[PDB]
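Colleague: Sequence isn't available, so here's the structure alone:
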């Protein structure tokens, strides 16, 4: 897989060179390139943003700057991802599906986001997905790209064989500060253990994620 | 606000020293301390994990090492947060509420997670919340902590989906800024924005 992330704060992507995704990249499973959007500006201030048509709060990222960057970085086989509050929700199934992609490009917004015409124009050439990692507002799309890449590269790196929430886990010691490991886990009975884990997962899922 | 994040990968928390959260911290709005969990280990290999009781794939983080860390870092006023896919969903309302907290402690788990008794023991002393930033699985809790702190410090720095934005020029690659936004008619503009927000919200997020 090849991944490009375009941003005005390249350093925010530094966790992607660490631990699990760092290993995936070193191993040649994935090429990752992080680009400073400002390199496609041509004025003295290297400005990437300007006031919104129709008024409103804040600034909008200019289309011509983004247009040039994506012209150079993307092909017609690229999947372009734009992290935004206004996107459909990112889920495990999205992550699994994106392991089949050869080229992911992340266009990380700042301010009020990116002139909408960038995505309309990009969508003439390549597939585009506007995606939110959750129902909360971040100052930019960078740490959302970190989340999404880490989800993808986890799967890509290969996970061990083993919709409910995961149950609790325990390891040594068997008793700690007057708190005991549930005797079933010490019993060696794989049937009793599996049913116990199923029971607790079910109970958790009802309490914390009734939408599931 | 004072924030501690405990982790075996401290460098993953480096984005919090940049941009908007960086400014919050420099200004003395927020103290942030990032701690390496391994500093509370006492054996030669500084081990933080061991095999799970009752079998399974992967390792579990040991309670005694987490117990010591949190003993030293937390008080009875602390809100302890454990990022985990088994948690309730993090939302804007969570973020807003957490700006009222004096002490946030993030316990970032790795592998299969943290021995459950760390949270049970902690909850004797302090408030605790197990929280998921979304329905997907990450290798560790550090990038979930980045998301959560960034949401909170954004609010500290002071229902419909956001509609599209536009800036200059008025026409670009054959694509025009919708005439209403050029019209200066605030009545027509605010009605148009409502129309499009609602249409977006239906199309992508009918749960809203």
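Modeller: It's in. Numbering: from 1, shown residues only, chains lettered A, B, ... in the order given.
Colleague: Run through who's touching the biggest helix by length in chain A.
Modeller: For chain A, the longest helix by residue count, based on DSSP state H, is helix A:190-208. The contact list for helix A:190-208, computed with Cβ atoms under 8 Å, 6 or more residues apart in numbering or on different chains, reads A:163-168, A:182, A:184-185, A:187, A:212, B:54-55, B:86-88, B:130. Any C-beta I mention is one placed from the backbone N, CA and C, and that applies to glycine too.
Colleague: distance between it and the chain's centre?
Modeller: Computed by Cα atoms, centre = their mean, to the nearest Å, the chain-centroid distance of helix A:190-208 equals 29 Å.
Colleague: where do the strands sit along chain A?
Modeller: Along chain A, counting by DSSP state E, strands occupy A:2-7, A:31-36, A:49-50, A:60-61, A:79-89, A:103-107, A:127-132, A:175-176, A:179-180.
Colleague: Residue A:18: neighbour count?
Modeller: By other Cβ atoms under 10 Å in any protein chain shown, the residues close to residue A:18 number 17.
Colleague: Contacts only, for it.
Modeller: Applying Cβ under 8 Å, 6+ apart to residue A:18 gives the contacts B:9, B:11, B:12.
Colleague: ok, now how distant is the most centrally placed residue in chain A from chain B?
Modeller: Nearest residue to the geometric centre of chain A (Cα atoms, centre = their mean): residue A:148, 1.3 Å. Distance, residue A:148 to chain B, using Cβ to the nearest Cβ, to the nearest Å: 8 Å.
Colleague: now swap in residue A:156 and tell me
Modeller: 11 Å.
Colleague: residues contacting the residue nearest to that residue when sequence neighbours are not counted?
Modeller: Leaving aside its chain neighbours, residue A:156 sits nearest to residue A:99 (5.3 Å; criterion: Cβ to Cβ, 6 or more residues apart in numbering or on different chains). Residue A:99 sits next to A:1, A:152, A:155, A:156 when contact means Cβ under 8 Å, 6+ apart.
Colleague: run the last query once more with 10 Å
Modeller: Shown in contact with residue A:99 (Cβ atoms under 10 Å, 6 or more residues apart in numbering or on different chains): A:1, A:151, A:152, A:153, A:154, A:155, A:156, A:157.
Colleague: now those residues in JSON lines, with neighbour count?
Modeller: Formatted as JSON lines, these follow (neighbours: other Cβ atoms under 10 Å in any protein chain shown):
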{"residue": "A:1", "neighbour count": "19"}
{"residue": "A:151", "neighbour count": "26"}
{"residue": "A:152", "neighbour count": "24"}
{"residue": "A:153", "neighbour count": "26"}
{"residue": "A:154", "neighbour count": "21"}
{"residue": "A:155", "neighbour count": "15"}
{"residue": "A:156", "neighbour count": "18"}
{"residue": "A:157", "neighbour count": "16"}
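Colleague: Residue A:26 contacts residue A:153, correct?
Modeller: No - shown here, residue A:26 and residue A:153 do not form a contact pair, counting by Cβ atoms under 10 Å, at 11.8 Å.
Colleague: which ones are touching the residue nearest to residue A:58 when sequence neighbours are not counted?
Modeller: If the residues on either side of it in the chain are set aside, residue A:58 comes closest to residue A:112, at 4.4 Å by Cβ to Cβ, 6+ apart. Residue A:112 makes contacts with A:49, A:52, A:56, A:57, A:58, A:59, A:60, A:61, B:162, B:165, B:167, as judged by Cβ under 10 Å, 6+ apart.
Colleague: Which two among those residues are spaced furthest apart?
Modeller: A:49 and B:162 (16.2 Å; Cβ to Cβ).
Colleague: one step back: need phi/psi at the residue nearest to residue A:156.
Modeller: Note on residue A:99: its backbone torsions stand at phi -70, psi -20 [degrees, to the nearest 10].
Colleague: ok, back up a step: just the buried ones from the contacts of residue A:112?
Modeller: Buried members of the contacts of residue A:112, counted by 16 or more other Cβ atoms under 10 Å in any protein chain shown: A:49, A:52, A:59, A:60, A:61, B:162, B:165, B:167.
Colleague: re the thing from before, pick the one among the contacts of residue A:18 closest to chain A.
Modeller: residue B:12 (4.3 Å; Cβ to the nearest Cβ).
Colleague: How much space separates residue A:70 from chain B?
Modeller: For residue A:70 relative to chain B (Cβ to the nearest Cβ), the value is 11 Å.
Colleague: That residue and residue A:107 touch, don't they?
Modeller: Yes - counting by Cβ under 10 Å, residue A:70 touches residue A:107, with 7.0 Å between them.
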